[PDB]
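Participant: Can you read through this structure? Questions will come right after.
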Amino acid sequence: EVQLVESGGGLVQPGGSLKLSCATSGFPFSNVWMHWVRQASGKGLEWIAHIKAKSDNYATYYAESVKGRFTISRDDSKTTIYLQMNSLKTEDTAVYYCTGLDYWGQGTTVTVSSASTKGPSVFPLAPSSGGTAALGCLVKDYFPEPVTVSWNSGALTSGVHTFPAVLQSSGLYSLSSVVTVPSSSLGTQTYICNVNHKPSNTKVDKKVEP
Amino acid sequence: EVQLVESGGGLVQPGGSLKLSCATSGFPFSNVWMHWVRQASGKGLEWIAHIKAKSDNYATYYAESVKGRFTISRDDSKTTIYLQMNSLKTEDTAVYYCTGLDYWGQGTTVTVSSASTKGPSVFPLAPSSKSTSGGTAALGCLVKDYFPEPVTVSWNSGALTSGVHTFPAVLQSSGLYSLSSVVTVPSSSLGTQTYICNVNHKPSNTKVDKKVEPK
Amino acid sequence: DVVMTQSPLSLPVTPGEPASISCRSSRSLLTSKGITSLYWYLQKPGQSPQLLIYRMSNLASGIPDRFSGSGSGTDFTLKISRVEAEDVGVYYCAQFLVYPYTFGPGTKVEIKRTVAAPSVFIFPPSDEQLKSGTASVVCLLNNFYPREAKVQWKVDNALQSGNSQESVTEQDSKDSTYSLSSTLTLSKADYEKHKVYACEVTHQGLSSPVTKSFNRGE
Ligand SMILES: [Zn+2]
Ligand SMILES: [Zn+2]
Ligand SMILES: [Zn+2]
Ligand SMILES: [Zn+2]
Ligand SMILES: [Zn+2]
């Protein structure tokens, strides 16, 4: 089973530094070439770096805009590649993927901003005989992205919409997560909003009651 | 969007009674025909009951296997149909679906047994490898000594699904179920991610979150 | 009382290749309006059934052109032109003309793929469980094909029998593999008497059995 798992993203001040990891498994690693590719929110894919294998003397190649700032490296004994990111700029804010160009990881989010981390407040959106009811939770005033929202520990996926976050005039994000259900199920089922904001160590479970 | 949601399943004595609901939404209800269909574990589909609409005088039809024991009904004002099950037999154990024969609900589980409810213990299956080993590590949770089925298992409140296997439960000699849920990850992923298995056993109102960490 | 039969009961197929599932009713399903009351469902692993074809030949909304249905009164055929890995599951015919309504027994579609040996993992009993008086040793076989597989438990090189149970997943809808869990269950006292715990795996993708093991207490 091929797996690529990036980690190490987070929030950093302009000019700061961060090291990303991409742990791999499921395939012989010694002669595989790998890349970092990033994607800003709502924008397209941008190739960042390429690293070859031991028999290529671990040759590396870089996008123009990261030369002299980023370093791609690999540790074959840990079957992992790395991206050391120095002199970070707000333009580096993005989801960073590692990829063989066939398989891709799920990405890790890097935010370069002078704003500090802020955990969200979570508020119920109370349910609104027969027919369709909607309910949700409002995840307000957090930084940076991302937040994870699930319902009933992931057992509830039908009818769920977790909307894109909006950036408010305060510099903080807000998002809503809603689910529609048949009204009669309001009396037979419990509905719990599971919110996780890793950058702030914020974990909130919120029961949304009629 | 069309939604069908069954509820009310659970554990009951032979001879006992239970009432299932199917709440619906997303469509005009007044002239739709609905059914209950059931499926025992590992087995095929068995049509159980059919109920027509108001203009059909709410006519009902039943499988011979349940006639005189189950009653299908509907409440148009709550856009809901019901299955009243009396004189339950062990053979009635199955997942019960509500369906229009195009759309189907997710199902609710009925278990007919003289045994009582028992919540699970949740034990960690520690990471196979360490973090500097490269390659693949496996970790999991063992969900043991529970009755009846079913149990829900998620990882990291549902955020983790890649690499997860939640296995069919086995019935132990003790008459209690056991299952395991595992996840594989790259070894170096260990010690950069936290792994929590979320276990819910509704019949016993057991909810358990178990952090699984390297030994 | 109307009997729905199906053939085959198991259908292995390589993706991209056609598949044909047949159904037979014990009486005609043609109505006075010229409708044939024959319906086809697919139930994917872990999911409720899904309508594919209604009244013998009509494609339900959302269903790809890959799927078609045909038939002659009491014999019917569900046809898949380019089978895809996502099509794994159990296919049912049904008649909704003569009460009591009836389903066929289901035909399980199996996607044929390249042989893939399992990756194998062994988990000792947790200290938490040991406190409860029992010891479960777990052996995981991951992402393998075909499904046939033999797990043998050995304690201090002694072959175990009658004290384990195992469970297999359905076939994966993406890579068409299986996984398997086997649990060896011992008294805590008997666990603490022995040193070497091993699960030995035999599979067509393995040139010789793989053994994963551990020594209790390191
Ligand atoms: Zn919706
Ligand atoms: Zn797997
Ligand atoms: Zn009869
Ligand atoms: Zn012994
Ligand atoms: Zn011994």
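Residues are named by chain letter and number: chains run A, B, ... in the order of the structure tokens, numbers start at 1 in each chain, and ligands are numbered from 1 in the order shown.
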Residues of chain B were defined as contacting chain A if any atom lay at most 6 Å from it, counting only C-alpha atoms; please report them as a list in words.
Facilitator: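 Residues satisfying the distance criterion: residues 23, 24, 25, 77, 78, 79, 132, 133, 134, 135, 136, 157, 158, 186, 188 and 189 of chain B.
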Participant: Leaving out residue B:90 and any residue of its chain fewer than 5 positions from it, which residues lie within 7 Å of it when counting only C-alpha atoms, given as a list in words?
Facilitator: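 Surrounding residues, per the criterion: residues 14, 112 and 113 of chain B.
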Participant: Nearest to residue A:147 among A:197, A:187, A:169, A:175, with distances taken over only C-alpha atoms: which residue is it?
Facilitator: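 Once distances to residue A:147 are computed over only C-alpha atoms, the minimum belongs to A:197.
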Participant: Could you list, as a list in words, every residue within 8 Å of residue A:34, counting only C-alpha atoms and ignoring same-chain residues fewer than 5 positions away?
Facilitator: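 Within the cut-off, the hits are residues 50, 51, 52, 81, 98, 99, 100 and 101 of chain A.
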Participant: May I have the selected residues written with C-alpha atoms, as an mmCIF file, in the first residue's frame?
Facilitator:
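Everything below was put into again10.cif:
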data_model
loop_
_atom_site.group_PDB
_atom_site.id
_atom_site.type_symbol
_atom_site.label_atom_id
_atom_site.label_comp_id
_atom_site.auth_asym_id
_atom_site.auth_seq_id
_atom_site.Cartn_x
_atom_site.Cartn_y
_atom_site.Cartn_z
ATOM 1 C CA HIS A 50 12.620 17.979 -7.228
ATOM 2 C CA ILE A 51 15.082 15.570 -5.616
ATOM 3 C CA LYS A 52 16.631 12.588 -7.383
ATOM 4 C CA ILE A 81 11.762 13.680 2.071
ATOM 5 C CA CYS A 98 4.876 15.793 -1.767
ATOM 6 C CA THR A 99 4.452 13.694 -4.901
ATOM 7 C CA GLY A 100 6.174 11.198 -7.133
ATOM 8 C CA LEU A 101 4.065 12.842 -9.890
#
Participant: Residues up to 8 Å from ligand 3, counting only C-alpha atoms and all ligand atoms: could you list those as a VMD selection string?
Facilitator: (chain B and resid 64) or (chain C and resid 1 100)
Participant: Pull N, CA and C atoms from the residues just selected and write them as a PDB file, in the first residue's frame.
Facilitator:
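See part-v5.pdb below for the written result:
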ATOM      1  N   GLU B  64     -45.077 -13.331   4.313  1.00  0.00           N
ATOM      2  CA  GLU B  64     -45.698 -14.355   5.149  1.00  0.00           C
ATOM      3  C   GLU B  64     -44.941 -14.513   6.465  1.00  0.00           C
TER       4      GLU B  64
ATOM      5  N   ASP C   1     -43.257 -16.494  -3.046  1.00  0.00           N
ATOM      6  CA  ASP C   1     -43.686 -17.665  -3.795  1.00  0.00           C
ATOM      7  C   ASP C   1     -43.124 -17.633  -5.234  1.00  0.00           C
ATOM      8  N   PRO C 100     -45.738 -12.520  -2.250  1.00  0.00           N
ATOM      9  CA  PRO C 100     -44.772 -11.585  -1.663  1.00  0.00           C
ATOM     10  C   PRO C 100     -43.595 -11.200  -2.578  1.00  0.00           C
TER      11      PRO C 100
END
Participant: How would you report the residues lying within 12 Å of ligand 5, as JSON, numbers by chain, if you count only C-alpha atoms and all ligand atoms?
Facilitator: {"C": [154, 155, 156, 157, 158, 159, 160, 189, 190, 191, 192, 193, 194, 195, 196, 197, 215, 216]}
Participant: At a cut-off of 9 Å, can you tabulate as a tab-separated table every residue of chain C near chain A together with its closest atom pair and the distance in Å to one decimal, using only C-alpha atoms and ordering rows by chain then number?
Facilitator:
residue	atom	partner	partner_atom	distance
C:119	CA	A:1	CA	8.6
C:142	CA	A:1	CA	8.1
C:143	CA	A:1	CA	6.5
Participant: Give me, as a PyMOL selection string, the contact residues of chain C against chain B at a cut-off of 8 Å, counting only C-alpha atoms.
Facilitator: chain C and resi 47-51+99-106+121-126+128-129+165-169+179-181
Participant: Just N, CA, C and O atoms for this one: save the residues we selected as an mmCIF file, in the first residue's frame.
Facilitator:
data_model
loop_
_atom_site.group_PDB
_atom_site.id
_atom_site.type_symbol
_atom_site.label_atom_id
_atom_site.label_comp_id
_atom_site.auth_asym_id
_atom_site.auth_seq_id
_atom_site.Cartn_x
_atom_site.Cartn_y
_atom_site.Cartn_z
ATOM 1 N N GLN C 47 -22.628 -0.495 2.425
ATOM 2 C CA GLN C 47 -23.581 0.482 1.927
ATOM 3 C C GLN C 47 -24.953 -0.165 1.816
ATOM 4 O O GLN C 47 -25.083 -1.386 1.860
ATOM 5 N N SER C 48 -25.983 0.670 1.703
ATOM 6 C CA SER C 48 -27.316 0.180 1.411
ATOM 7 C C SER C 48 -27.410 -0.136 -0.072
ATOM 8 O O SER C 48 -26.587 0.325 -0.865
ATOM 9 N N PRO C 49 -28.423 -0.881 -0.488
ATOM 10 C CA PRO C 49 -28.562 -1.164 -1.917
ATOM 11 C C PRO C 49 -28.838 0.104 -2.719
ATOM 12 O O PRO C 49 -29.338 1.111 -2.221
ATOM 13 N N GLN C 50 -28.546 0.003 -4.009
ATOM 14 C CA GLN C 50 -28.593 1.091 -4.961
ATOM 15 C C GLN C 50 -29.335 0.568 -6.183
ATOM 16 O O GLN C 50 -28.961 -0.475 -6.717
ATOM 17 N N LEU C 51 -30.359 1.291 -6.642
ATOM 18 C CA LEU C 51 -31.078 0.858 -7.840
ATOM 19 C C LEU C 51 -30.234 1.165 -9.075
ATOM 20 O O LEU C 51 -29.739 2.281 -9.223
ATOM 21 N N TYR C 99 -47.053 -10.532 -4.915
ATOM 22 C CA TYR C 99 -46.753 -10.647 -3.478
ATOM 23 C C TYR C 99 -46.676 -12.123 -3.122
ATOM 24 O O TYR C 99 -47.453 -12.899 -3.657
ATOM 25 N N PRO C 100 -45.738 -12.520 -2.250
ATOM 26 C CA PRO C 100 -44.772 -11.585 -1.663
ATOM 27 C C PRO C 100 -43.595 -11.200 -2.578
ATOM 28 O O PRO C 100 -43.049 -12.052 -3.210
ATOM 29 N N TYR C 101 -43.246 -9.911 -2.603
ATOM 30 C CA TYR C 101 -42.133 -9.437 -3.455
ATOM 31 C C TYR C 101 -40.864 -10.191 -3.073
ATOM 32 O O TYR C 101 -40.700 -10.503 -1.898
ATOM 33 N N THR C 102 -40.004 -10.421 -4.055
ATOM 34 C CA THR C 102 -38.842 -11.296 -3.809
ATOM 35 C C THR C 102 -37.564 -10.832 -4.497
ATOM 36 O O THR C 102 -37.647 -10.285 -5.595
ATOM 37 N N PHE C 103 -36.436 -11.060 -3.831
ATOM 38 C CA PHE C 103 -35.133 -10.792 -4.404
ATOM 39 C C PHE C 103 -34.450 -12.099 -4.767
ATOM 40 O O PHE C 103 -34.683 -13.142 -4.140
ATOM 41 N N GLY C 104 -33.577 -12.024 -5.764
ATOM 42 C CA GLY C 104 -32.635 -13.090 -6.019
ATOM 43 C C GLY C 104 -31.616 -13.181 -4.893
ATOM 44 O O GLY C 104 -31.510 -12.291 -4.055
ATOM 45 N N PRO C 105 -30.833 -14.260 -4.862
ATOM 46 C CA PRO C 105 -29.872 -14.436 -3.764
ATOM 47 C C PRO C 105 -28.639 -13.572 -3.881
ATOM 48 O O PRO C 105 -27.821 -13.587 -2.955
ATOM 49 N N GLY C 106 -28.464 -12.831 -4.974
ATOM 50 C CA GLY C 106 -27.289 -11.989 -5.109
ATOM 51 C C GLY C 106 -26.140 -12.663 -5.831
ATOM 52 O O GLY C 106 -25.899 -13.862 -5.668
ATOM 53 N N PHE C 121 1.645 -7.833 10.074
ATOM 54 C CA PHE C 121 1.954 -7.153 11.327
ATOM 55 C C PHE C 121 1.426 -7.990 12.486
ATOM 56 O O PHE C 121 0.338 -8.576 12.380
ATOM 57 N N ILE C 122 2.187 -8.048 13.587
ATOM 58 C CA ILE C 122 1.761 -8.756 14.796
ATOM 59 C C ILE C 122 1.720 -7.779 15.976
ATOM 60 O O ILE C 122 2.605 -6.936 16.138
ATOM 61 N N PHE C 123 0.664 -7.867 16.775
ATOM 62 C CA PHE C 123 0.467 -6.971 17.907
ATOM 63 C C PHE C 123 0.408 -7.814 19.162
ATOM 64 O O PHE C 123 -0.476 -8.683 19.266
ATOM 65 N N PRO C 124 1.304 -7.615 20.129
ATOM 66 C CA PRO C 124 1.156 -8.298 21.423
ATOM 67 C C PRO C 124 -0.065 -7.794 22.174
ATOM 68 O O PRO C 124 -0.559 -6.685 21.923
ATOM 69 N N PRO C 125 -0.520 -8.567 23.172
ATOM 70 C CA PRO C 125 -1.568 -8.084 24.031
ATOM 71 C C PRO C 125 -1.156 -6.805 24.761
ATOM 72 O O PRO C 125 -0.023 -6.660 25.100
ATOM 73 N N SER C 126 -2.102 -5.896 24.918
ATOM 74 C CA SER C 126 -1.881 -4.658 25.684
ATOM 75 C C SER C 126 -1.794 -4.977 27.175
ATOM 76 O O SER C 126 -2.411 -5.942 27.601
ATOM 77 N N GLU C 128 -3.123 -3.193 29.359
ATOM 78 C CA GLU C 128 -4.483 -2.897 29.854
ATOM 79 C C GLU C 128 -5.329 -4.177 29.814
ATOM 80 O O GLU C 128 -5.946 -4.502 30.822
ATOM 81 N N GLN C 129 -5.295 -4.901 28.701
ATOM 82 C CA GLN C 129 -6.052 -6.166 28.601
ATOM 83 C C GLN C 129 -5.520 -7.182 29.616
ATOM 84 O O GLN C 129 -6.317 -7.875 30.222
ATOM 85 N N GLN C 165 -9.508 -16.827 15.999
ATOM 86 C CA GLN C 165 -10.618 -16.467 15.143
ATOM 87 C C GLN C 165 -10.101 -15.446 14.151
ATOM 88 O O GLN C 165 -9.153 -14.715 14.446
ATOM 89 N N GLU C 166 -10.710 -15.390 12.977
ATOM 90 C CA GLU C 166 -10.281 -14.383 12.023
ATOM 91 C C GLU C 166 -11.458 -13.815 11.268
ATOM 92 O O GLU C 166 -12.554 -14.382 11.234
ATOM 93 N N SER C 167 -11.184 -12.689 10.631
ATOM 94 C CA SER C 167 -12.172 -11.858 9.979
ATOM 95 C C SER C 167 -11.513 -11.303 8.725
ATOM 96 O O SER C 167 -10.347 -10.915 8.781
ATOM 97 N N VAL C 168 -12.239 -11.272 7.606
ATOM 98 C CA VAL C 168 -11.726 -10.694 6.365
ATOM 99 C C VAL C 168 -12.623 -9.540 5.938
ATOM 100 O O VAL C 168 -13.838 -9.569 6.152
ATOM 101 N N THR C 169 -12.018 -8.515 5.351
ATOM 102 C CA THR C 169 -12.780 -7.415 4.788
ATOM 103 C C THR C 169 -13.394 -7.845 3.469
ATOM 104 O O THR C 169 -13.033 -8.881 2.893
ATOM 105 N N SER C 179 -8.049 -7.272 3.296
ATOM 106 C CA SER C 179 -7.222 -7.381 4.487
ATOM 107 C C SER C 179 -7.887 -8.381 5.440
ATOM 108 O O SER C 179 -9.061 -8.736 5.272
ATOM 109 N N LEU C 180 -7.108 -8.877 6.412
ATOM 110 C CA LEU C 180 -7.551 -9.947 7.298
ATOM 111 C C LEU C 180 -6.971 -9.722 8.684
ATOM 112 O O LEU C 180 -5.837 -9.277 8.820
ATOM 113 N N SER C 181 -7.770 -10.010 9.705
ATOM 114 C CA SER C 181 -7.362 -9.927 11.099
ATOM 115 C C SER C 181 -7.524 -11.312 11.706
ATOM 116 O O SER C 181 -8.570 -11.939 11.521
#
Participant: I need the strand (DSSP E or B) residues of stretch 9-205 of chain C per DSSP on the backbone, written as a PyMOL selection string.
Facilitator: chain C and resi 10-13+19-25+30+36+38-43+50-54+58-59+67-72+75-80+89-95+102-103+107-111+116+119-123+134-145+150-155+158-159+164-168+178-187+196-202
Participant: Just to confirm, what's the straight-line distance from atom CA of residue A:18 to atom CA of residue A:89 in Å (one decimal)?
Facilitator: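 Interatomic distance, atom CA of residue A:18 to atom CA of residue A:89: 11.7 Å.
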Participant: Work out how far atom CA of residue B:69 is from atom CA of residue B:15, in Å to one decimal.
Facilitator: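 Those two atoms sit 10.2 Å apart.
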Participant: Would you kindly return, as a ChimeraX atom specification, each protein, DNA or RNA residue with an atom no farther than 10 Å from any atom of residue A:172, considering only C-alpha atoms and excluding same-chain residues fewer than 6 positions away?
Facilitator: /A:115-120,140-145,165-166
Participant: Given only C-alpha atoms and all ligand atoms, how would the per-residue table for chain B near ligand 1 read, listing every residue at most 12 Å away with its closest atom pair and distance in Å to one decimal, sorted by chain and number, as CSV?
Facilitator:
residue,atom,partner,partner_atom_place_in_ligand_line,distance
B:1,CA,ligand 1,1 (Zn),6.5
B:2,CA,ligand 1,1 (Zn),9.5
B:3,CA,ligand 1,1 (Zn),10.0
B:25,CA,ligand 1,1 (Zn),11.7
B:26,CA,ligand 1,1 (Zn),10.1
Participant: Would you pick out the contacts of residue B:200 at 10 Å or less, using only C-alpha atoms, so that residues sharing its chain but fewer than 2 positions from it are not included, and give the list as an MDAnalysis selection string?
Facilitator: (chainID A and resid 152:153 155) or (chainID B and resid 119:120 150:154 197:198 202:209)
Participant: Tell me which protein, DNA and RNA residues are within 10 Å of residue C:95, counting only C-alpha atoms, leaving out same-chain ones fewer than 6 positions away, and put them as number ranges by chain.
Facilitator: C: 2-4, 25, 28-29, 36-40, 55-56, 101-104
Participant: Give me, please, the distance in Å between atom CA of residue B:194 and atom CA of residue A:204, quoted to one decimal.
Facilitator: 16.5 Å
Participant: Kindly indicate which residue among B:51, B:85, B:60, B:164 lies nearest to ligand 2, using only C-alpha atoms and all ligand atoms for the distances.
Facilitator: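 The answer is B:164, which sits nearest to ligand 2.
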